[PDB]
């Protein structure tokens, strides 16, 4: 069907998230699917190696790509450091989400399924 794209979110990293110990991990959502990175313990500028392949998704209706930045805080209650919503479109795109402290950056690739074109793969 029209509007389908293979969506892969990757290249996650954050900077200046805080002497303050930061134990960050991400929660990434799209079309109801949730992925969680591992915790990078004790680092204000973490990098995660994860690729999050959402497989074939409806770009224009799969709600926004939502990224949440959480701090595990040595295992104690998790703190929400910030979140952002992006509307993905076909191609390769880099995202920067500013938080209360620092920012999270990532990339995504949305490749329209064969015989489809346009920003939301409807053509």
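Numbering follows the first chain given and starts at 1.
Gap size between residue 18 and residue 19, counting deposited residues with no coordinates: none, 1 to 3, 4 to 9, or 10 or more? 1 to 3 residues lack coordinates between residue 18 and residue 19.
Mean Cα B factor from the PDB record: higher for 59 to 67, or higher for 45 to 53? If you average the C-alpha B-factors of 59 to 67 and of 45 to 53, the larger mean comes out for 59 to 67.
Quick one: higher average CA temperature factor, 99 to 107 or 19 to 27? Result of the comparison: 19 to 27.
Among the chain's modelled residues, which third holds the C-alpha B-factor of residue 122? For residue 122, whose C-alpha B-factor we compare with every modelled residue in the chain, the answer is the highest third.
Where does residue 86 sit by CA temperature factor within its chain: lowest, middle or highest third? For residue 86, whose C-alpha B-factor we compare with every modelled residue in the chain, the answer is the highest third.
Considering only modelled residues of the same chain, in which third does the CA B-factor of residue 74 rank: lowest, middle or highest? Ranked within chain, residue 74 CA B lands in the middle tercile.
Where does the C-alpha B-factor of residue 80 rank in its chain, lowest, middle or highest third? Highest third.
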